[PDB]
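First comes one chain, alone, set out as structure tokens in the form deposited in one PDB entry.
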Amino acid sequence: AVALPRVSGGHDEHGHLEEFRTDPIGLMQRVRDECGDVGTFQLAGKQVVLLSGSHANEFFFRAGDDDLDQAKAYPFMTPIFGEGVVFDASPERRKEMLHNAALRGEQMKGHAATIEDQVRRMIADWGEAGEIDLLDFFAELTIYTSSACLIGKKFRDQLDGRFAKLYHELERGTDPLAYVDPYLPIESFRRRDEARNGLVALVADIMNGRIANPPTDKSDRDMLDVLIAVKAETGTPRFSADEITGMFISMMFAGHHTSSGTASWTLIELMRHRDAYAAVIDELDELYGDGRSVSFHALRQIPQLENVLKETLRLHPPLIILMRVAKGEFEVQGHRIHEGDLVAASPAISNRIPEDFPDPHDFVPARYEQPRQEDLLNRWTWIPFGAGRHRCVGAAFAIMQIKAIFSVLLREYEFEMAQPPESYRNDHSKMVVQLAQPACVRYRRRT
């Protein structure tokens, strides 16, 4: 059996795993530099076939589910999701876990208004001036937007900062060792299980409260009210607090850390490039000069802000690696992929291929304007949202959310970096990328 190209290093206890934890991007870049479109690296006991370049990526995203499986490519997601969603009906995968029902187009306008309200509640006590930490702020804000939009305003209204803190701990229990076993006796895996337990308790607390004093309107009952009333065969409540919480956690995940970090970086890039920031301000002031609401404009064109978003997403994709499990043997550029092999594509690396994106390390929102339109011409390499079969179905909502949040923030306050521009960075120590702290920013009301 012929060996596939293998990148240098990887002599630590778990091969390349250790380096993947400290510098996954640098590692993946060295794979392409040394190996080309098809290279590999060892992740503990599993070999990862990393595909880069337009041709290999295409094969990767167009592959059928019968060929490249996404189902077991993220073992680190198993302990978070927990016992399969509340409804046992075949693969609820993305169907229920991330039902497009939530992001349905009929409710889109509604969501924008919900998002507007969440931002205002979040900056309600800002006053004329002060400071914030982007991770704390955006991580909390997105817990509110995701819960209010994906579950119900009623439910969100009963949440506070504690839910965000614990949910964060949940997200941090995704160390790469999860590819060895997501249940190893790791400290972060223990803190993860303890966090999930804390979440179940907060929900159980809410369930009780709602049972002691139900709604004075059989109209204002949310999803939780419904699940609480579901009775088993003998009259007993059918769902426990753990079951309900596990489903709520599963649904919110999709609307949390990817939006959270993306909101943080969008602002960061705006501050780093005051000219783009100035263009966005002008555009928003002029655009909202028609008197229409944020729920109106978030669902419509805001070009400058959108190109700043697309560029933020190219340089800082939330998911730096995408995974699949090969369910058969395939040939890609003369290299053989075997059943069981882990197959990956990297938005982090692909989004910066020099030949596809002139000056890949520069912030150039113009890339997406009339001329170049580099996102649409590099359909297999511009991949912040993935591509093909598993293309992010929440893209439209994610973008609407960014338009909504910044339509409120940039028109009410001005932002300045409170630390060196280069000090802002991501923590890539976990499979779930998070913005690193400190990430301090100053604000002052606009005149």
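In case it trips you up, residue 1 is the first one in the sequence shown, and so on. Between two forms, the rigid core is defined as the largest C-alpha subset superposing within 1.5 Å. Only residues modelled in both forms are compared.
Same protein, other form: the form deposited in another entry, not shown, and the subject of what follows.
Chemist: Considering only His99, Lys109, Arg292, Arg336, which residue exhibits a C-alpha shift of no less than 2 Å between the shown form and the other one, with the rigid core used for superposition?
Modeler: One residue passes the 2 Å cut-off, namely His99.
Chemist: Superposing on the rigid core, is the Cα displacement of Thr234 between the shown form and the other one 2 Å or more?
Modeler: Comparing the forms between the shown form and the other one, which are aligned on their rigid core, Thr234 does not shift its C-alpha by 2 Å or more.
Chemist: Using the rigid core as the reference frame, would you say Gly130 shifts its C-alpha by 2 Å or more between the shown form and the other one?
Modeler: Where the cores coincide, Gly130 shows only a C-alpha shift between the shown form and the other one that is less than 2 Å.
Chemist: Has the Cα of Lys218 moved 2 Å or more between the shown form and the other one, judged after a core fit?
Modeler: Yes, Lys218 moves 2 Å or more.
Chemist: Thinking of the 3 angstroms or more shift, are the C-alphas of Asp65 and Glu96 brought closer or pushed farther apart in that other deposited form than in this view?
Modeler: It is closer: in that other deposited form, the C-alpha atoms of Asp65 and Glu96 lie at least 3 Å nearer than they do here.
Chemist: Taking the shown form as the reference, report whether the CA atoms of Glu96 and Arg210 lie closer or farther apart in that other deposited form; the distance changes by 3 angstroms or more.
Modeler: Here the pair is closer than in that other deposited form; there, farther apart.
Chemist: Considering only residues modelled in both forms, extract each run of at least three consecutive residues whose CA displacement is 2 Å or more throughout between the shown form and the other one after core superposition, in sequence order.
Modeler: 92-99, 215-219 are the stretches that shift between the shown form and the other one.
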